[PDB]
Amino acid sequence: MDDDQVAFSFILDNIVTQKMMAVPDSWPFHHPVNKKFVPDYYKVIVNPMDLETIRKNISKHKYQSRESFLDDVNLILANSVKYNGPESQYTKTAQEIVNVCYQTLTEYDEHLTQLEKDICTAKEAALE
């Protein structure tokens, strides 16, 4: 029944919590940048993103496929390159967050593809 979307967001949340947030020294990417510490951030980064807000989107079942999800994770890296520069050590840990994310998704590719299909058919047929 409704379980398909909840299972999908469940697997997403855990990838974030137990594989992505586990990257060494990734804590600065766990939460929105605190303006108190980086006063220009929200002036040079126009679309902020972080793992906690991604989790909040997961709580609200924002992502129904891998792809809108990867959009937001990739954004975290895109944002680090603009603020910190392409070969900053902070950009490099964001890179690895992006990497372990893709690594996990392909591990569960066939499993997630099933979930993804059932959700789109439900959606597209809910409009009857």
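Here the rigid core means the biggest group of C-alpha atoms that line up within 1.5 Å when the two forms are laid on top of each other. Residue numbers here begin at 1 and follow the sequence given.
Novice: Compare 31-39 with 81-89 and report which one shows the larger root mean square C-alpha deviation from this form in 9 other deposited structures of this protein once the rigid core is superposed.
Specialist: Larger mean C-alpha displacement, comparing 31-39 and 81-89 in 9 other deposited structures of this protein, is found in 31-39.
Novice: Comparing 84-92 with 67-75, where is the mean C-alpha B-factor higher?
Specialist: The entry gives the higher C-alpha B-factor average to 84-92.
Novice: Going by the CA temperature factor in the PDB record, which third of the chain does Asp25 belong to: lowest, middle or highest?
Specialist: Highest third, going by the recorded CA B-factors of the chain.
Novice: According to the PDB entry, is the CA B factor of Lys35 in the bottom, middle or top third of its chain, that is, lowest, middle or highest?
Specialist: Middle third.
Novice: Please place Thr17 in the lowest, middle or highest third of its chain according to the CA B-factor in the PDB entry.
Specialist: Lowest third.
Novice: Can you work out whether the C-alpha temperature factor of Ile54 puts it in the lowest, middle or highest third of the chain?
Specialist: Its C-alpha B-factor belongs to the lowest third of this chain's values.
Novice: Please rank the C-alpha B-factors of the chain's modelled residues and tell me whether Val46 sits in the lowest, middle or highest third.
Specialist: Its C-alpha B-factor, which the entry lists for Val46, ranks in the highest third among residues of this chain.
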